[PDB]
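# Descriptive analysis of the structure
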Amino acid sequence: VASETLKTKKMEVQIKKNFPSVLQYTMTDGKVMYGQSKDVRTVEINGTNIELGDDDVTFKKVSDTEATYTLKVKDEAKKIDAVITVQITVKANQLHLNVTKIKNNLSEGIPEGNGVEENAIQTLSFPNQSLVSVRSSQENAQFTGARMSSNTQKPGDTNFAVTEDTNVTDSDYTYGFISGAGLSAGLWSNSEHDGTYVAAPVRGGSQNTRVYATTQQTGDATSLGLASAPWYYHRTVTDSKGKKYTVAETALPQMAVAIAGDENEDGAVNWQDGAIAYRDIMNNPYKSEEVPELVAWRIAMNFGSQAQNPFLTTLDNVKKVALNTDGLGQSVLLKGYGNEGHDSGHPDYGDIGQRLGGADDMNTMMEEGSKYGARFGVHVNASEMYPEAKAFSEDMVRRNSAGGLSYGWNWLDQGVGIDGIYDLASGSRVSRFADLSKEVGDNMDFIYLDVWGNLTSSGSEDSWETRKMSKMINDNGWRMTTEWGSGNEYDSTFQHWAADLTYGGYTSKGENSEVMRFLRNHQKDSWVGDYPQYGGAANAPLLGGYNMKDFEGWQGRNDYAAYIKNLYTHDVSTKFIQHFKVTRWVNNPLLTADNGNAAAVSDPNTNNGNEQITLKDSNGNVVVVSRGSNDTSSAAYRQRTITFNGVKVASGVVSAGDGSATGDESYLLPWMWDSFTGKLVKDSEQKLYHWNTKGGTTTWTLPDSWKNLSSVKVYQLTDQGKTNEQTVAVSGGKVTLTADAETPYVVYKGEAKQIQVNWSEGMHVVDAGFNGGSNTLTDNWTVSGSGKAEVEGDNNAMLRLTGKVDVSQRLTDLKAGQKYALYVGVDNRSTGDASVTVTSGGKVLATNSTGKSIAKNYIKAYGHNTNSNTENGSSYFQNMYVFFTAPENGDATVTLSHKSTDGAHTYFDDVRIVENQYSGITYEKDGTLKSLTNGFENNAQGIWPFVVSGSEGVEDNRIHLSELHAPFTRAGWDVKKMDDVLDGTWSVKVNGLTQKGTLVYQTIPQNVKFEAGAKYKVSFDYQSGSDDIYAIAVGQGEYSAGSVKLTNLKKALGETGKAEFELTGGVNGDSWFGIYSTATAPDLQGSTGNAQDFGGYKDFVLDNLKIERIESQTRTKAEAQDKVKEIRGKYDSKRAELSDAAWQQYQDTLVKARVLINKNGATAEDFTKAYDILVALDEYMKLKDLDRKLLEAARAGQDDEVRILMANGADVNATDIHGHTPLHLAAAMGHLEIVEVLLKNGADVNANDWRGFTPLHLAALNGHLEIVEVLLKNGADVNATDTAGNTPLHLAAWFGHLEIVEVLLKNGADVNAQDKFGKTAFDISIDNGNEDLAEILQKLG
Ligand SMILES: [Mn+2]
Ligand SMILES: [Mn+2]
Ligand SMILES: [Mn+2]
Ligand SMILES: [Mn+2]
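Residues numbered from 1 in each chain as written, not as in the entry; some residues may be left out. Chains lettered and ligands numbered in written order. Heavy atoms only, no water.

The chain has the name PEGA domain-containing protein,EngBF-DARPin Fusion 4b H14 in the PDB entry, where Bifidobacterium longum is given as its organism.

### Quick notes on the packing of helix α20 (residues 1265-1273) against helix α22 (residues 1299-1307)
Selection rule: A fitted line through C-alpha atoms represents every axis, and for helices the fit uses only the stretch in contact; the resulting angles, taken between N-to-C directions, go from 0 to 180 degrees. Each helix is a run of H or I in the DSSP string that is no shorter than four residues. Each strand is a run of E no shorter than two, and both are numbered from the N terminus. Roughly parallel refers to an angle under 35 degrees, roughly antiparallel to one over 145, roughly perpendicular to one between 65 and 115, and oblique to any angle outside these ranges. Any two residues whose heavy atoms approach within 4.5 Å at even a single point are treated as in contact. Side-chain classes are defined by residue name, with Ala, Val, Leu, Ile, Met, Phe, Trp, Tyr, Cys and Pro counting as nonpolar, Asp, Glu, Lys and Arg as charged, and the others, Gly among them, as polar.
Taken N-terminus to C-terminus, the directions of α20 and α22 make an angle of 5°; their axes are 10 Å apart at the nearest point. If you check the angle between α20 and α22, you find them roughly parallel. Along its contact with α20, which presents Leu 1265, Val 1268, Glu 1269 and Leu 1272, the element α22 presents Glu 1299, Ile 1300, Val 1303, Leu 1304 and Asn 1307. Broken down by class, the residue content of the contact of α20 with α22 amounts to six nonpolar, one polar and two charged.

### Things to note about the environment of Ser 458
Quick note on the threshold: Note on exposure labels: buried denotes an accessible area under 20% of the residue type's maximum, exposed denotes more than 50%, and partly exposed covers the range between, all computed with a 1.4 Å probe on protein chains only. Whenever a nitrogen or oxygen atom comes within 3.5 Å of another N or O atom, the pair is scored as a polar contact, on the condition that within protein one atom can donate a hydrogen and the other can accept it, and that pairs from neighbouring residues in sequence are kept only if both atoms are in side chains.
Inspection of the secondary structure assignment puts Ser 458 in the loop between β30 (446-449) and α6 (463-474). Residue classification places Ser 458 among the buried positions, given a relative accessible area of 11%. Considered as a pair, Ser 458 and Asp 239 are 219 residues apart in the sequence and their alpha carbons are 8.2 Å apart. Filtering out sequence-adjacent residues up to four positions away, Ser 458 remains in contact with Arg 398 and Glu 465. For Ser 458, the side chain forms a polar contact with the main-chain nitrogen of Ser 460, separated by 3.1 Å.

### Thoughts on the domain arrangement of the chain
Cut-off, in case you're wondering: Where each domain starts and ends comes from a domain assignment, either automatic or drawn from a database.
Looking at the chain, the domain boundaries give domain 1 (3-279) and domain 2 (1117-1181). Its C-alpha centre places domain 1 at a distance of 93 Å from the equivalent point of domain 2.

### Structural notes on the nonpolar core
Which entries qualify depends on this criterion: By nonpolar core we mean a set of buried residues, namely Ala, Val, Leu, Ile, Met, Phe, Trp, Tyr and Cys, connected to one another through side-chain atoms within 4.5 Å.
In terms of nonpolar packing, the biggest core is built from 104 residues, with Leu 334, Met 362, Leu 436, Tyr 1001, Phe 1020 and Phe 1100 touching the most fellow members. The dominant element in this core, judged by the number of residues it contributes, is helix α2 (residues 311-325), at five residues. The contacts of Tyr 1001, once residues within four sequence positions are left out, are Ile 943, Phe 946, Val 947, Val 948, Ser 949, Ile 959, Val 988, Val 990, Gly 1074, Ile 1075, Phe 1100 and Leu 1102.

### Remarks on the coordination of the manganese ion (ligand 2)
Put simply, the test is: Note that water is not among the atoms used; donors are N, O and S atoms within 2.8 Å of the metal (3.2 Å for Na, K and Ca), so sites may look incomplete.
Coordination sphere of the manganese ion (ligand 2), protein contribution only: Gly 769 (O), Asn 796 (OD1), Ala 797 (O) and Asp 909 (OD), at 2.1 to 2.5 Å. Spacing between the donor residues of the manganese ion (ligand 2) along their common chain follows G-x26-N-A-x111-D. Here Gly 769 is found in the loop between β43 (745-748) and α10 (776-779), whereas its partner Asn 796 is found in the loop between β45 (788-792) and β46 (798-802), with 27 residues between them in sequence. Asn 796 gets classed as partly exposed once you look at its relative accessible area, which sits at 26%.

### Focus: unusual backbone geometry
Of note, the amide linkage connecting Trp 944 to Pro 945 takes the cis form, showing an omega dihedral of 5°. Within the element layout of this structure, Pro 945 appears in the loop between β55 (929-934) and β56 (946-948). For the peptide bond that leads from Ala 966 to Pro 967, omega is 0°, which places it in the cis range. Relative to the helices and strands, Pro 967 resides in the loop between β57 (959-963) and β58 (986-990). At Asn 114, a residue that is not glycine, the phi angle is positive and equals roughly 55°. Considering the arrangement of structural elements, one finds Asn 114 in the loop between β10 (94-104) and β11 (123-125). Classification of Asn 114 as partly exposed rests on a relative accessible area of 22%. Phi angles above zero are rare outside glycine, and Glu 461 is one such case at about 45°. Checked against the element boundaries, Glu 461 lands in the loop between β30 and α6. Assessed through its relative accessible area of 0%, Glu 461 is described here as buried.

What follows is the structure, encoded as structure tokens:
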């Protein structure tokens, strides 16, 4: 066989001239490794194997390190005619085989827009190429392979001896290493092939197998050789609509081997030796070099327009974690960074959440946080989208075989699957990442790709697709991170279901492979950590494993202390270990002869034959992690010792990662690296992290570079940073440390200076979140008053006020003459008012206040929800707003204050100053509300003036600000029957909250304040899917069922409806209105499946709210005096006959009104307010259900009972659930003996009900000739169009009566009137099926 030789200082490779093949590798020491010793010249194209002849291969030795081959690959029958150019290069102990050019003589290339390239070279391989091989005739001939396993009970590895009986053909592995005759080598390929896996719950590149092992006979022996799995070149793919595409290669085909001897000098030559060498040739995930620095992983969540975590709050929280960890690196995943929050706006990647502070605040957060070693990344979705998203198009939609939508999940809106192949082949996805790139430049660290591999985008989402997905992302300078534990083996540096050990159970975790973890532990957080509950891989892995907890809303996670406790429990040590590369791993108790690991490295001379891992860095430092015993029944199985350069730095049992049992582990870990590129720090910066689980006193040997010190400085780490400096003596290079249980300490060689932190940079105040300790109330905020101001809270610190106290601070960096919103979270337990006020040189620009807070916080992702115990096991925190214009003066100041000097507490947190164009609030001269309008077009956050109620308890509330994207968000697109937006770009949307029997959302006095005794006209535009599904609720104080007044609303589905009612301020000023979910079931109109959800039958949209004060009539001292006489006469003698709690509320109002009336020097305004309050008291004192019994009396036919209730004092225009007044309920039943008497008492004859009609329509429909004539006399609207369109003339002819038409037309009924349907007066009688009504219609009409 004509050959030639390639040379390096480490080896000489003999290569065949007739094909790109190796005969042998001969190391400097003479050890030889075989290649393909047999004449094998196979080239596979598009699945057809073609054997290449002598005339088909051209050879050129370029240099001593390189050869070029030109392969004439042809098959006329199978439409194959290509020219493959192969390069072979040698470098040190490595060999590379690259396909550098692929010329297709049957194609002019891919037509524009990734059209189908006919006879395209889709796949390429060299079957049984045997680039590297071992024979059964060689000393210790063995194979080690690795496949994907997300199951802690099932290893992904295999280890067996290569014996005469070894028979395999194209056996695929993610990794394969062969060893024998004192040399080991693994094969690397960039192949995107999907194959054999052990356990994986998803696709998304989990099944990437790039090595193919095959046996053949080499005379005497059986030879096992490794080849690369097939490569994809110009692959043809099909979208959900059947449209076919040809997409170019992700990269050209590449492969390599690295020949190793006894690399770890352990006297054995096995896969571990090849693995060490493999690192020099293997692909490395982009930005994997930074993984060891990411000590503090967490998610900062935003959801449902709430803006729970604006970008500049996230920066303050980075500073808090930096102080508590002494500056260890961080990785913050922004979940809901975009659009309205999490699972909103998918897949508009470039739409940075405007309510969070937009791209401007994101960049500030990223640039500034980077100074503290914090990395930032965003949660994106490439599988599901919502109609709101500007990317939503018919082409983007995934469709099924039937041609219908591939529906996603319904929550705030209905998600629709994205056609993944379209999104890739059209260039759509890559332009959306480009949109984000434009916003973030080079500031953002990573992308977090959710769900990829679950098969929502297509039934494929394979390694080829995943590779192209990771490329798009890496090309914009972003490190790849994803959801599923097994997902994206090639490019992911983090799996959420690997790092958050709680999800999915033991079958769905990180990578369970010794081979994979050996090779890449330092490059990823994608392994199995401690979660003993799962067993196997999760029972005290020696290398640790990232254990992720969160404190910023993700899944209601708000516990800061547990977050930090967990960092020091598992993640400091895990990260320390990641600064070293595994070089040896013996006695793995997971690997047995029974699970396919007979040949696994089992040394009885290291660690008593129990598990041990040795790791080293590029500087020759050695870490040794040892398991106390390989018996899971022994207490020692969970005992680990860690040594750094032969010195004990950690010992014990970690507290169980599943939170089941605390341990005893104590450590003194040398942290020698900066939190940036991880370069070594200087001696004055060299530090040790100390942790003692049980607490107590432990003695330790300091690292060698500390042996000559006489003392050390120890600081206890808090949210304030380095505290309680201790000087500890050093005797014989040893220290004694007393530590409290689960408490962090940092040890320095000398005195260390405090990390400089300037709280709330860019937030227009200093320390907006109250994280500066007790000290902020001295240094940043200014306290004045008799009362008490304290920074209370061991978790999320708040401001706690007691008595008369003013906490104030100057506003900075405001834009002169620009409109700003200033909101603060407030929880008021005091009856005395709690205020927010913006002033300029003594002038009050804006003020707002709250009495006792009347609504518990149900926002899951918010820091102070009712599950957070602010005081007495609850949280009533809700954002209180002020709107002002920044002064030209340039001198503005905020004041948080408490008015009454009672004992009760007021809680404030998160002072937010944000540019805002809202101007819908118009006041009176006295400062109270004249009117409020909201089109929801400028909401700083949330559904303001409404606040979310408890129909779903503490949840990621299915209520948010809906966005316009026509035609997709409008009624009529697909199965959609309701508009998301009624007016402008925004509305308040409720999704599927039917049959709750409780309040959905409501106004609160701190947003809308309804003055005791004052009348208001509440009006809004709305859309409700079904009749009686939602209701307007009218209450006083904290909501209690049976204490609220409901008005069930009519179906407005695709047509904006209108609602308006009169609200009278409750005697205690805690009156409000909102939306209530009734008990009646939706009218799904025969919808099946997701159609029930998307349709809108279960939904409620509200827009254009108008609240107007109705100016009352001016009263005299007299009118009011007389009203006290009247009110007391009716309810005095009835002393505790009804209630005792309601007697206190009655007596307190009579005192209030008397004060106003009798104040020496009172005025008409005092007299008319005392009278209006009294009128409202008389209404509260109608506790005996008279109003609900009067309506019950006109119904049944009780002509005698209406007489009793009316005179007694029941409401003249009392309404039921359908807005029927006593006139409506009696005009329809045919009771003239009830209507004649009710009309006399000034009962609203022109009052509109549920269907928008007056008792004219109800007296005409049921066939009452006596009630219609007496109604028109009393001033009934003959020309009255209802919400349904029908006037009293129309409905009179529909049932079957004529007589009414003549009595209506006489009074002035419009015959030319046309309803909403399109029917007129005469047109109705044609389809009636009778000419008995039509005859008198044609005579006059
Ligand atoms: Mn070795
Ligand atoms: Mn706070
Ligand atoms: Mn609007
Ligand atoms: Mn939405």
